Amino acid sequence: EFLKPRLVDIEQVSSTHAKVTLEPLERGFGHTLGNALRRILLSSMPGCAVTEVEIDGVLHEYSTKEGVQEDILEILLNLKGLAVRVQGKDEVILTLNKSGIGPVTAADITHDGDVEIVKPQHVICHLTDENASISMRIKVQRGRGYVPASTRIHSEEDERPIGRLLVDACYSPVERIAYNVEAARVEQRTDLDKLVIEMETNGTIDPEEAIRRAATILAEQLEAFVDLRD
Amino acid sequence: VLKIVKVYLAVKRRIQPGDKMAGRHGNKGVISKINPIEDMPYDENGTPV
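Below, the structure is looked at part by part.

### What to know about the overall build of chain A
- A count of helices and strands for chain A gives 4 helices and 15 strands.
- Considering only C-alpha atoms, chain A reaches an extent of 70 × 45 × 30 Å along its principal axes.
- Looking at chain A as a whole, 40% of its 230 residues qualify as buried.
- Once local pairs closer than 6 in sequence are excluded, the contacts in chain A between residues at least 24 apart make up 72%.
- Across chain A, the centroid of the 26 positively charged side chains sits 4 Å from that of the 40 negatively charged ones.

### Quick notes on the pairing of strand 15 (residues 192–201) of chain A
All names here are of chain A.
- For strand 2 (residues 17–25) and strand 15, the ladder comprises 7 bridges, and the chain directions are antiparallel. Bridged to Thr 21 within strand 15 is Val 196.
- In terms of strand pairing, strand 14 (residues 174–184) meets strand 15 through 10 bridges, oriented antiparallel. The residue bridging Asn 180 from the neighbouring strand is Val 196, located in strand 15.

### Comments concerning the interface of chain A and chain B
- Contacts between the two partners involve 17 residues from chain A, matched on the other side by 12 residues from chain B.
- Three residues stand out in chain A for area buried against chain B, namely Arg 38, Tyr 62 and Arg 176 of chain A, and they jointly supply 38% of the buried area on that side.
- In this structure, the connection of chain A to chain B is made through 1 salt bridge.
- Residue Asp 39 of chain B is joined to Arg 39 of chain A by a salt bridge in which the shortest nitrogen-to-oxygen separation is 2.8 Å.
- Between chain A and chain B we count 4 residue pairs in polar contact in total.
- In terms of residue count, the dominant contributor to the side of chain A that touches chain B is strand 14 of chain A (5 residues).
- Classifying every residue of the side of chain A that touches chain B by side-chain character gives 9 nonpolar, 3 polar and 5 charged.

### A few points about helix 4 (residues 207–226) of chain A
Residue and element names in this part refer to chain A.
- Spanning 20 residues, helix 4 covers 27 Å between terminal C-alpha atoms, matching the ideal 28 Å at 1.5 Å per step.
- Residues of helix 4 that are buried include every one of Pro 207, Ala 210, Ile 211 and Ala 214, and no others.
- Among the structural elements, strand 1 (7–12), strand 2, helix 1 (30–43) and strand 15 are those in contact with the buried residues of helix 4.

### Some remarks on the environment of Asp 108 of chain A
Residues and elements named next belong to chain A.
- In this fold, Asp 108 is placed in the loop between strand 6 (102–105) and strand 7 (109–110).
- When the C-alpha atoms of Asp 108 and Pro 120 are compared, they prove to be 8.2 Å apart, with 12 residues separating the residues in sequence.
- Once residues within four sequence positions are removed from consideration, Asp 108 is found in contact with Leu 96, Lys 98 and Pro 103.

### Looking at a nonpolar patch on the surface
- Among the surface-exposed residues, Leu 222, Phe 225 and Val 226 of chain A lie close enough to one another that they form a single nonpolar patch of about 370 Å² accessible area.
- When its relative accessible area of 63% is taken as the criterion, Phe 225 of chain A is described as exposed.

### Regarding the state of the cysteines
Residue and element names in this part refer to chain A.
- Considering all chains together, one arrives at 0 disulfides over all chains under this definition.
- Of all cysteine sulfurs, the one in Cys 170 lies closest to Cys 125, which takes part in no disulfide; the gap is 20 Å.
- As a non-bridged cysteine, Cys 170 has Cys 48 as the owner of its nearest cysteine sulfur, 14 Å distant.
- Under the relative-accessibility criterion, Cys 170 is labelled partly exposed at 41%.

What counts as what
Residues numbered from 1 in each chain as written, not as in the entry; some residues may be left out. Chains lettered and ligands numbered in written order. Part of a larger assembly, values for the part shown. Heavy atoms only, no water. Helix = DSSP H or I, 4+ residues; strand = E, 2+ residues; numbered from the N terminus. Buried < 20%, exposed > 50% of the residue type's maximum accessible area, 1.4 Å probe, protein only. Contact = heavy atoms within 4.5 Å. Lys, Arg positive; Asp, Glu negative; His and termini not counted. Charge placed at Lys NZ, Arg CZ, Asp CG, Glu CD. Pairing = 2+ DSSP bridges. Buried area = accessible area lost by both parts, 1.4 Å probe. Salt bridge = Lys/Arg side-chain N within 4 Å of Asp/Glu carboxyl O. Polar contact = N/O pair within 3.5 Å; in protein donor to acceptor, adjacent residues only side chain to side chain. Nonpolar A, V, L, I, M, F, W, Y, C, P; charged D, E, K, R; others polar. Expected span 1.5 Å × (residues − 1). Patch = residues over 30% accessible without salt bridge, like charges linked within 9 Å, V, L, I, M, F, W, Y side chains within 5 Å. Areas by Shrake-Rupley, 256 points an atom, 1.4 Å probe, with all protein chains shown as cover. Disulfide = S-S within 2.5 Å.

Written out as structure tokens, the structure reads:
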């Protein structure tokens, strides 16, 4: 009686924005499945984020380097917005080295084969001196949700190296999820709906793999409810 | 007194439940709860509040 929703064209408005649509969805499943997927996506999606920053010259967050137009604090706040993905391994260490004047952008980072900068025009900082040179080592690792500045320090019992910069890692690859239920017309029966999901992400996850991850997590959650253990 | 040694401590306090974060017009209030991003109300565009 119940049809099975099928993946149809997943258009790309941009790298960040994509529309994913599910055509054969039965009555009373439009908003239900939409809320399901939206909550899963905004709540639990793997994402690559910066955790630790090692600028060569400065000693602490509030110490400002000579030559740059920006506080090290603002450099970290821009490093948060780094749109990066790693799919060869869980935790990698990017390296950036740039001298001379100009805007130090993400594209200048020495990338490996397993690391992709999906936003290679991201203005990391502004170097305003010929003599001044910026040397960054950025730790980028996989994770989920949001990890505020309070937890990994317990995984190492204080940052033994000094000059290490701790950054609130926001691994959420997605930033906007919206669902619309529209009257789909198909020869089979008379009442079915397109579920059209707009998703604005940081360009680090494919919409297909994203929806697949969300569905897999939802199925794992429903595992217990399908078979009640008591 | 022989010498003075002043050390400066920097803490970066984040907003959290209990912070009297108030409006400009006389609005008052404390942070009730940090409810998640996806539990926030959202318009047709899916933009949370």
